[PDB]
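Participant: Next up, my_file04.cif (mmCIF, N, CA and C atoms).
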data_structure
#
loop_
_atom_site.label_atom_id
_atom_site.label_comp_id
_atom_site.auth_asym_id
_atom_site.auth_seq_id
_atom_site.Cartn_x
_atom_site.Cartn_y
_atom_site.Cartn_z
N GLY A 323 -5.62 -9.95 41.58
CA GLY A 323 -6.51 -10.15 40.42
C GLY A 323 -5.80 -9.90 39.11
N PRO A 324 -5.81 -10.87 38.18
CA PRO A 324 -5.15 -10.73 36.88
C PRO A 324 -5.76 -9.62 36.03
N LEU A 325 -7.03 -9.32 36.29
CA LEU A 325 -7.74 -8.26 35.56
C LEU A 325 -7.78 -6.98 36.39
N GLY A 326 -6.84 -6.84 37.31
CA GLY A 326 -6.82 -5.69 38.20
C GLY A 326 -6.14 -4.48 37.58
N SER A 327 -6.21 -4.38 36.25
CA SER A 327 -5.62 -3.27 35.50
C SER A 327 -4.19 -2.97 35.94
N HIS A 328 -3.31 -3.94 35.75
CA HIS A 328 -1.90 -3.77 36.09
C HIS A 328 -1.19 -2.97 35.01
N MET A 329 -1.31 -1.65 35.11
CA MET A 329 -0.79 -0.76 34.09
C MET A 329 0.60 -0.25 34.46
N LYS A 330 1.40 0.04 33.44
CA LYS A 330 2.76 0.51 33.65
C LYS A 330 2.82 2.03 33.75
N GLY A 331 2.38 2.54 34.90
CA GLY A 331 2.48 3.97 35.16
C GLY A 331 1.58 4.80 34.27
N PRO A 332 2.16 5.71 33.47
CA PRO A 332 1.40 6.58 32.56
C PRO A 332 0.73 5.81 31.43
N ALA A 333 1.19 4.59 31.19
CA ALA A 333 0.63 3.75 30.15
C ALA A 333 -0.72 3.19 30.59
N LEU A 334 -1.76 3.98 30.37
CA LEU A 334 -3.11 3.58 30.75
C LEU A 334 -3.73 2.68 29.69
N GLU A 335 -4.28 1.56 30.12
CA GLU A 335 -5.02 0.68 29.24
C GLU A 335 -6.49 0.74 29.63
N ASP A 336 -6.98 1.96 29.82
CA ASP A 336 -8.33 2.17 30.32
C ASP A 336 -9.02 3.30 29.58
N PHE A 337 -8.87 4.52 30.09
CA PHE A 337 -9.56 5.70 29.55
C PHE A 337 -11.08 5.55 29.63
N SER A 338 -11.54 4.52 30.31
CA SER A 338 -12.97 4.23 30.38
C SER A 338 -13.60 4.97 31.56
N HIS A 339 -12.76 5.44 32.48
CA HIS A 339 -13.25 6.15 33.66
C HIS A 339 -13.72 7.56 33.31
N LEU A 340 -13.56 7.93 32.05
CA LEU A 340 -14.11 9.18 31.54
C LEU A 340 -15.09 8.86 30.41
N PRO A 341 -16.15 9.68 30.27
CA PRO A 341 -17.25 9.42 29.33
C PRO A 341 -16.79 9.40 27.87
N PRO A 342 -17.44 8.56 27.04
CA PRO A 342 -17.09 8.35 25.63
C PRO A 342 -16.62 9.60 24.89
N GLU A 343 -17.39 10.68 25.00
CA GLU A 343 -17.10 11.91 24.27
C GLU A 343 -15.77 12.52 24.73
N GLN A 344 -15.57 12.59 26.03
CA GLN A 344 -14.31 13.08 26.59
C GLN A 344 -13.20 12.07 26.31
N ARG A 345 -13.58 10.80 26.31
CA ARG A 345 -12.66 9.69 26.08
C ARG A 345 -12.01 9.78 24.70
N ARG A 346 -12.84 9.78 23.66
CA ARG A 346 -12.34 9.81 22.28
C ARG A 346 -11.48 11.04 22.04
N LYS A 347 -11.79 12.12 22.75
CA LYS A 347 -11.05 13.36 22.62
C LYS A 347 -9.62 13.18 23.13
N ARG A 348 -9.47 12.40 24.19
CA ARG A 348 -8.15 12.11 24.74
C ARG A 348 -7.46 11.01 23.94
N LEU A 349 -8.25 10.08 23.41
CA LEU A 349 -7.73 9.01 22.57
C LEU A 349 -7.09 9.58 21.31
N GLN A 350 -7.75 10.55 20.69
CA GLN A 350 -7.21 11.21 19.51
C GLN A 350 -5.89 11.90 19.84
N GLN A 351 -5.83 12.51 21.01
CA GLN A 351 -4.62 13.18 21.48
C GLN A 351 -3.52 12.17 21.79
N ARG A 352 -3.91 11.01 22.31
CA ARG A 352 -2.96 9.94 22.58
C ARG A 352 -2.39 9.38 21.29
N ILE A 353 -3.27 9.11 20.33
CA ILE A 353 -2.85 8.66 19.01
C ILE A 353 -1.92 9.69 18.37
N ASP A 354 -2.23 10.96 18.61
CA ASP A 354 -1.39 12.06 18.14
C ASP A 354 0.04 11.90 18.65
N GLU A 355 0.18 11.75 19.96
CA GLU A 355 1.49 11.58 20.58
C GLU A 355 2.19 10.34 20.04
N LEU A 356 1.48 9.22 20.10
CA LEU A 356 2.05 7.93 19.74
C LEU A 356 2.45 7.86 18.27
N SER A 357 1.64 8.44 17.39
CA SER A 357 1.95 8.43 15.97
C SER A 357 3.16 9.32 15.67
N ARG A 358 3.23 10.45 16.36
CA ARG A 358 4.34 11.38 16.18
C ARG A 358 5.60 10.80 16.81
N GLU A 359 5.43 10.12 17.93
CA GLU A 359 6.54 9.45 18.60
C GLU A 359 7.05 8.30 17.75
N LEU A 360 6.11 7.53 17.21
CA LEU A 360 6.42 6.38 16.37
C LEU A 360 7.15 6.82 15.11
N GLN A 361 6.74 7.95 14.54
CA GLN A 361 7.39 8.49 13.35
C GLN A 361 8.89 8.65 13.58
N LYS A 362 9.26 9.03 14.80
CA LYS A 362 10.66 9.18 15.16
C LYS A 362 11.36 7.82 15.15
N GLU A 363 10.72 6.84 15.79
CA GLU A 363 11.31 5.51 15.95
C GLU A 363 11.40 4.79 14.60
N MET A 364 10.37 4.91 13.78
CA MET A 364 10.38 4.29 12.45
C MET A 364 11.54 4.84 11.63
N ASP A 365 11.74 6.15 11.71
CA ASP A 365 12.85 6.79 11.02
C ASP A 365 14.18 6.36 11.64
N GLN A 366 14.20 6.28 12.96
CA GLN A 366 15.39 5.89 13.69
C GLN A 366 15.85 4.49 13.28
N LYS A 367 14.90 3.60 13.06
CA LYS A 367 15.22 2.24 12.64
C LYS A 367 15.89 2.24 11.27
N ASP A 368 15.33 2.98 10.33
CA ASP A 368 15.89 3.05 8.98
C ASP A 368 17.27 3.68 9.03
N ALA A 369 17.42 4.67 9.90
CA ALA A 369 18.71 5.31 10.13
C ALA A 369 19.72 4.32 10.68
N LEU A 370 19.26 3.47 11.59
CA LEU A 370 20.12 2.46 12.20
C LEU A 370 20.47 1.37 11.19
N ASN A 371 19.49 0.98 10.38
CA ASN A 371 19.73 0.01 9.31
C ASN A 371 20.72 0.56 8.30
N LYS A 372 20.58 1.84 7.98
CA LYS A 372 21.52 2.53 7.10
C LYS A 372 22.89 2.60 7.76
N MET A 373 22.89 2.99 9.03
CA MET A 373 24.12 3.11 9.81
C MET A 373 24.85 1.77 9.88
N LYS A 374 24.10 0.70 10.13
CA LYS A 374 24.67 -0.64 10.17
C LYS A 374 25.37 -0.98 8.86
N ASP A 375 24.71 -0.65 7.75
CA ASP A 375 25.27 -0.88 6.42
C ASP A 375 26.58 -0.12 6.24
N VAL A 376 26.64 1.09 6.79
CA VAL A 376 27.85 1.89 6.74
C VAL A 376 28.97 1.20 7.50
N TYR A 377 28.64 0.65 8.66
CA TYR A 377 29.62 -0.08 9.48
C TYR A 377 30.08 -1.35 8.77
N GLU A 378 29.24 -1.86 7.87
CA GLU A 378 29.57 -3.05 7.11
C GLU A 378 30.44 -2.72 5.91
N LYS A 379 30.02 -1.72 5.13
CA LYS A 379 30.78 -1.30 3.96
C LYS A 379 32.06 -0.59 4.37
N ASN A 380 31.99 0.16 5.45
CA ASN A 380 33.14 0.90 5.94
C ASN A 380 33.26 0.78 7.45
N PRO A 381 34.03 -0.22 7.93
CA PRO A 381 34.35 -0.39 9.36
C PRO A 381 34.98 0.85 10.01
N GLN A 382 35.21 1.89 9.20
CA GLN A 382 35.72 3.18 9.68
C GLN A 382 34.88 3.70 10.85
N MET A 383 33.60 3.39 10.83
CA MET A 383 32.68 3.85 11.87
C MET A 383 32.82 3.00 13.13
N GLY A 384 32.91 1.69 12.94
CA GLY A 384 33.04 0.80 14.07
C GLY A 384 32.50 -0.58 13.76
N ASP A 385 31.94 -1.23 14.78
CA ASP A 385 31.41 -2.59 14.64
C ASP A 385 29.89 -2.58 14.55
N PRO A 386 29.32 -3.23 13.51
CA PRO A 386 27.87 -3.26 13.27
C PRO A 386 27.10 -4.05 14.33
N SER A 387 27.76 -5.02 14.95
CA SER A 387 27.10 -5.83 15.97
C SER A 387 26.80 -4.99 17.21
N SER A 388 27.59 -3.94 17.41
CA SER A 388 27.37 -3.00 18.50
C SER A 388 26.10 -2.18 18.25
N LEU A 389 25.60 -2.22 17.02
CA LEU A 389 24.38 -1.51 16.66
C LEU A 389 23.18 -2.45 16.69
N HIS A 390 23.43 -3.72 16.98
CA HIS A 390 22.34 -4.70 17.06
C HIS A 390 21.37 -4.37 18.20
N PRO A 391 21.87 -4.03 19.42
CA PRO A 391 21.00 -3.56 20.51
C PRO A 391 20.22 -2.31 20.11
N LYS A 392 20.86 -1.44 19.33
CA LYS A 392 20.23 -0.22 18.84
C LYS A 392 18.97 -0.55 18.06
N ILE A 393 19.13 -1.34 17.01
CA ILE A 393 18.01 -1.68 16.13
C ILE A 393 16.95 -2.47 16.88
N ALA A 394 17.38 -3.38 17.75
CA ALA A 394 16.47 -4.21 18.53
C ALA A 394 15.51 -3.35 19.35
N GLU A 395 16.07 -2.49 20.20
CA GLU A 395 15.26 -1.64 21.06
C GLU A 395 14.43 -0.66 20.24
N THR A 396 15.03 -0.10 19.21
CA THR A 396 14.36 0.84 18.33
C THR A 396 13.11 0.21 17.72
N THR A 397 13.24 -1.03 17.26
CA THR A 397 12.11 -1.75 16.69
C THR A 397 11.10 -2.12 17.78
N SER A 398 11.60 -2.38 18.98
CA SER A 398 10.74 -2.72 20.11
C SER A 398 9.87 -1.53 20.50
N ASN A 399 10.44 -0.33 20.42
CA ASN A 399 9.68 0.89 20.67
C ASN A 399 8.68 1.12 19.55
N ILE A 400 9.08 0.77 18.32
CA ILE A 400 8.18 0.84 17.18
C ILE A 400 6.93 -0.01 17.42
N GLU A 401 7.14 -1.26 17.80
CA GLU A 401 6.04 -2.16 18.11
C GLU A 401 5.22 -1.61 19.27
N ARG A 402 5.92 -1.20 20.33
CA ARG A 402 5.30 -0.67 21.53
C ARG A 402 4.36 0.50 21.20
N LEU A 403 4.86 1.46 20.45
CA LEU A 403 4.08 2.65 20.13
C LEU A 403 2.93 2.32 19.19
N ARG A 404 3.17 1.44 18.22
CA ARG A 404 2.14 1.07 17.25
C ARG A 404 0.97 0.35 17.92
N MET A 405 1.28 -0.56 18.84
CA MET A 405 0.23 -1.31 19.52
C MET A 405 -0.56 -0.41 20.47
N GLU A 406 0.08 0.65 20.95
CA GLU A 406 -0.61 1.62 21.78
C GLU A 406 -1.54 2.47 20.94
N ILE A 407 -1.22 2.62 19.66
CA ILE A 407 -2.14 3.25 18.73
C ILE A 407 -3.34 2.34 18.51
N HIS A 408 -3.06 1.05 18.35
CA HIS A 408 -4.09 0.05 18.12
C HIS A 408 -5.08 -0.01 19.29
N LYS A 409 -4.58 0.04 20.52
CA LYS A 409 -5.46 -0.01 21.69
C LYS A 409 -6.44 1.16 21.67
N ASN A 410 -5.94 2.33 21.28
CA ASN A 410 -6.77 3.53 21.19
C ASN A 410 -7.83 3.37 20.11
N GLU A 411 -7.41 2.88 18.94
CA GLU A 411 -8.33 2.63 17.83
C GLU A 411 -9.38 1.60 18.23
N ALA A 412 -8.96 0.62 19.02
CA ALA A 412 -9.87 -0.42 19.50
C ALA A 412 -10.97 0.18 20.36
N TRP A 413 -10.60 1.11 21.22
CA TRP A 413 -11.58 1.79 22.06
C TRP A 413 -12.46 2.70 21.22
N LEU A 414 -11.85 3.37 20.24
CA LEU A 414 -12.59 4.24 19.33
C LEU A 414 -13.66 3.46 18.58
N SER A 415 -13.35 2.22 18.25
CA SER A 415 -14.29 1.32 17.60
C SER A 415 -15.58 1.21 18.42
N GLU A 416 -15.43 1.25 19.74
CA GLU A 416 -16.57 1.21 20.64
C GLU A 416 -17.15 2.61 20.83
N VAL A 417 -16.29 3.56 21.16
CA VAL A 417 -16.71 4.92 21.49
C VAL A 417 -17.50 5.57 20.36
N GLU A 418 -16.96 5.50 19.16
CA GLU A 418 -17.59 6.15 18.01
C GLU A 418 -18.83 5.39 17.56
N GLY A 419 -19.00 4.19 18.09
CA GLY A 419 -20.20 3.43 17.82
C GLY A 419 -21.31 3.78 18.78
N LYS A 420 -20.95 4.46 19.86
CA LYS A 420 -21.90 4.86 20.88
C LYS A 420 -21.57 6.25 21.43
N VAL A 421 -21.68 7.25 20.57
CA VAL A 421 -21.35 8.62 20.96
C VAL A 421 -22.45 9.24 21.82
N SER A 422 -23.61 8.60 21.84
CA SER A 422 -24.72 9.06 22.65
C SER A 422 -24.65 8.45 24.04
N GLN A 423 -24.91 9.26 25.06
CA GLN A 423 -24.87 8.79 26.44
C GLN A 423 -26.20 8.15 26.83
N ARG A 424 -26.61 7.14 26.05
CA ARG A 424 -27.87 6.44 26.29
C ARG A 424 -29.06 7.39 26.16
N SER A 425 -30.19 7.00 26.75
CA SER A 425 -31.40 7.81 26.67
C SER A 425 -31.26 9.08 27.49
N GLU A 426 -32.19 10.00 27.31
CA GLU A 426 -32.18 11.26 28.03
C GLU A 426 -33.27 11.27 29.09
#
How would this structure read if it were set down as structure tokens?
Facilitator:
Amino acid sequence: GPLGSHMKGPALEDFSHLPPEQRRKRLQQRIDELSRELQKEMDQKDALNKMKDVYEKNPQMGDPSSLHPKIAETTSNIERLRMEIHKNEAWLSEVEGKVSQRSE
């Protein structure tokens, strides 16, 4: 089944198996991790872009093309982490719209 929740290990695209209130609490914690993780990668990219420039202005360091895989993967992790923030926010859009567990 294409909709059989084919998730990549710890990368859950669900969090629905727990109730909205408990859910959003974990979503906030997930966003916490991902945003803090992303902060590293975003900085890492700028560092790599800076580093690349150093390799360009001063080949003393080495070859800038050897840093192309660096920037590529670094940016890929940036996208990866950011979209994982988005998925959480997407669920929050639902969860925070229905914080009540229906009627009593």
Participant: Evaluate the PyMOL selection byres ((chain A and resi 388-397) around 8) here and jot the selected residues down as a count of residues only.
Facilitator: 19
Participant: Please list as a PyMOL selection string every residue within 7 Å of residue 406 in chain A, counting all atoms listed in the file and excluding residues in the same chain fewer than 5 positions away.
Facilitator: chain A and resi 352-353+356+401+411
Participant: Written as a VMD selection string, what is the full residue list that the PyMOL selection byres (((chain A and resi 421 and name CA) around 12) and name CA) yields on the file shown?
Facilitator: chain A and resid 341 to 347 413 to 420 422 to 425
Participant: To test your reading of the structure, identify every residue in chain A that backbone DSSP assigns to helix (DSSP H, G or I), and report it as an MDAnalysis selection string.
Facilitator: chainID A and resid 342:379 386:417
Participant: What is the distance between CA of residue 376 in chain A and CA of residue 361 in chain A, in Å to one decimal?
Facilitator: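 Computing the Euclidean distance for CA of residue 376 in chain A and CA of residue 361 in chain A yields 22.5 Å.
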Participant: Supply range 349-360 of chain A as a compact mmCIF listing (two decimals), in the frame of the given file, with N, CA, C and O atoms built in where the input has gaps.
Facilitator:
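Written output follows (result_3.txt):
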# COMPACT_ATOMS: atom_id res chain seq x y z
N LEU A 349 -8.25 10.08 23.41
CA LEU A 349 -7.73 9.01 22.57
C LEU A 349 -7.09 9.58 21.31
O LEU A 349 -6.00 9.15 20.92
N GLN A 350 -7.75 10.55 20.69
CA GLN A 350 -7.21 11.21 19.51
C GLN A 350 -5.89 11.90 19.84
O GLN A 350 -4.94 11.86 19.05
N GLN A 351 -5.83 12.51 21.01
CA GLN A 351 -4.62 13.18 21.48
C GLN A 351 -3.52 12.17 21.79
O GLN A 351 -2.34 12.44 21.55
N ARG A 352 -3.91 11.01 22.31
CA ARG A 352 -2.96 9.94 22.58
C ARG A 352 -2.39 9.38 21.29
O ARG A 352 -1.18 9.20 21.16
N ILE A 353 -3.27 9.11 20.33
CA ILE A 353 -2.85 8.66 19.01
C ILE A 353 -1.92 9.69 18.37
O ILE A 353 -0.95 9.33 17.71
N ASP A 354 -2.23 10.96 18.61
CA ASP A 354 -1.39 12.06 18.14
C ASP A 354 0.04 11.90 18.65
O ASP A 354 0.99 11.89 17.86
N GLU A 355 0.18 11.75 19.96
CA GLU A 355 1.49 11.58 20.58
C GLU A 355 2.19 10.34 20.04
O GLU A 355 3.32 10.41 19.57
N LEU A 356 1.48 9.22 20.10
CA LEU A 356 2.05 7.93 19.74
C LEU A 356 2.45 7.86 18.27
O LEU A 356 3.49 7.31 17.94
N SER A 357 1.64 8.44 17.39
CA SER A 357 1.95 8.43 15.97
C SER A 357 3.16 9.32 15.67
O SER A 357 4.01 8.98 14.85
N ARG A 358 3.23 10.45 16.36
CA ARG A 358 4.34 11.38 16.18
C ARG A 358 5.60 10.80 16.81
O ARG A 358 6.71 10.97 16.28
N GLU A 359 5.43 10.12 17.93
CA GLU A 359 6.54 9.45 18.60
C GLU A 359 7.05 8.30 17.75
O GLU A 359 8.25 8.13 17.56
N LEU A 360 6.11 7.53 17.21
CA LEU A 360 6.42 6.38 16.37
C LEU A 360 7.15 6.82 15.11
O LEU A 360 8.08 6.14 14.66
